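To start, the structure under review is shown below, and the notes come after it.
In this chain, numbering begins with 1 at the start of the sequence shown.
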Amino acid sequence: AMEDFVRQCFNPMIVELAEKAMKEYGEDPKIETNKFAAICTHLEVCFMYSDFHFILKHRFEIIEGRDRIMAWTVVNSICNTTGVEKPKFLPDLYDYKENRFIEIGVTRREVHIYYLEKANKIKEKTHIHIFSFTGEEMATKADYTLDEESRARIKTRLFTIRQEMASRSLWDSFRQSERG
Ligand SMILES: Cc1cn([C@H]2C[C@H](O)[C@@H](COP(=O)(O)O)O2)c(=O)[nH]c1=O
Ligand SMILES: [Mn+2]
Ligand SMILES: [Mn+2]
């Protein structure tokens with residue numbers, strides 16, 4: 001039923017892109033159904049984080065959602081043209097205003113736990129922004145990048161997703177499946 005939840009409650013472009021990423025990783029969205037939901041949720045937050053934000057050129061470049069080949073193509077181009085340090089792992093966005101990459105985490109555990117996992121892996125100039133399903137966020141140097149309204153929008157979406165999962169008795173399983 002999580003499969004059904006995902007196809008019923010995410011935009012179909014998001015679900016198609018989540019399927020695509022799983023196939024590239026070698027994982028079956030028909031089996032790893034909680035991960036499927038997590039990938040959809042994370043992609044949606046990436047798209048929400050970028051949407052409506054301009055400098056009209058887009059303020060953010062979206063890296064998540066692209067396959068690895070295209071994602072490195074875009075990262076390489078940005079590093080070449082801006083001189084910013086090249087990350088050793090693919091991040092989620094680039095912020096043309098602050099000239100830094102951003103790694104987005106969406107977590108169903110303590111926000112600090114997920115923050116430390118990302119940071120332990122990043123080893124540095126990539127900015128980290130973690131959101132939870134409880135309304136909490138944590139970001140590097142307490143710098144949340146976006147305005148308060150745009151963050152509230154993401155938080156509301158996460159609030160809504162949690163509430164609907166719980167109505168279908170999908171939340172408890174989903175929540176306990178997260179591991180780093
Ligand atoms: C890099 C990677 C991410 N994912 C998932 C974990 C997260 O739910 C989602 C977003 O990843 P991220 O926070 O590392 O950008 O994609 C995989 O399933 N396999 C992978 O190799
Ligand atoms: Mn990513
Ligand atoms: Mn991420």
Quick one: closest heavy-atom pair of [X] and [Y], and the distance?
X    : Y    : answer
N34  : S177 : CB-OG, 3.4 Å
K118 : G105 : CE-CA, 4.2 Å
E85  : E124 : OE2-N, 3.7 Å
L43  : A18  : CD2-N, 4.5 Å
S132 : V111 : CB-CG1, 3.7 Å
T126 : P87  : OG1-CB, 4.1 Å

Decide whether [X] and [Y] are clustered together by the hydrophobic rule: side chain heavy atoms of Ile, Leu, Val, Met, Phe, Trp, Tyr closer than 4.5 Å, transitively.
X    : Y    : value
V15  : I161 : yes
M138 : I128 : yes
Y115 : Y144 : no
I39  : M2   : yes
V6   : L17  : yes

[Y] and [X] side chains, donor-acceptor separation under 3.5 Å:
X    : Y    : result
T145 : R100 : yes
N80  : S77  : no
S150 : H53  : yes
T73  : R66  : no
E178 : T107 : yes
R168 : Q8   : yes

Inset, instruction - Look at atom CZ of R153 and say whether more than 12 heavy atoms of other residues, nucleotides or ligands are closer to it than 6.0 Å. - result: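 12 or below, so no.
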Inset, instruction - Please indicate whether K97 has more than 12 foreign heavy atoms, meaning atoms of other residues, nucleotides or ligands, lying under 6.0 Å from its NZ. - result: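 Atom NZ in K97 is not packed in, count stays at 12 or less.
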When you measure from the side chain of [X] to the backbone N and O of [Y], does any donor-acceptor pair fall under 3.5 Å?
X    : Y    : answer
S167 : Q163 : yes
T33  : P29  : no
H127 : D143 : yes
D92  : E64  : no
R108 : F174 : yes

Rounded to the nearest 0.5 Å, what separates atom [atom1] in [X] from atom [atom2] in [Y]?
X    : Y    : atom1 : atom2 : answer
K125 : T140 : NZ    : OG1   : 13.0 Å
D95  : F60  : CG    : CZ    : 4.5 Å
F54  : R59  : CZ    : CZ    : 12.5 Å
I130 : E117 : CD1   : CD    : 9.0 Å
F133 : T160 : CZ    : OG1   : 11.0 Å
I154 : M48  : CD1   : CE    : 5.5 Å

Legend entry - Listed partners of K121 passing side chain to side chain contact (heavy atoms under 4.5 Å, CB included), at least two apart: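 Expected list: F89.
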Inset, instruction - Going by the side chain to side chain contact (heavy atoms under 4.5 Å, CB included) test, name the single residue among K35, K20, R68 that passes it with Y25. - result: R68
Legend entry - Members sharing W72's hydrophobic cluster (side chains within less than 4.5 Å): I55, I63, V74, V75, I78, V84, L90, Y94, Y96, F101
Legend entry - Charged N-O contact under 4.0 Å between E3 and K30: no
Within-4.5 Å side-chain heavy-atom neighbours: [X] and [Y]:
X    : Y    : value
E136 : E110 : yes
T134 : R162 : yes
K88  : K123 : no

Legend entry - Evaluation steps, salt bridge (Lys or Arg N to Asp or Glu O under 4.0 Å), between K155 and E149: CA-CA 10 Å; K155 293 171 184 174; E149 175 69 355; over 6 Å; no
Inset, instruction - Would you check if the distance from the ring center of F131 to the ring center of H129 is below 6.0 Å? - result: yes
Legend entry - Cation-aromatic face contact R157/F10, 6.0 Å, 45 degrees: yes
Inset, instruction - Kindly determine whether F36 and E19 satisfy side chain to side chain contact (heavy atoms under 4.5 Å, CB included), including the steps that lead there. - result: CA-CA 8 Å; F36 186 29; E19 298 171 0; 3.8 Å; yes
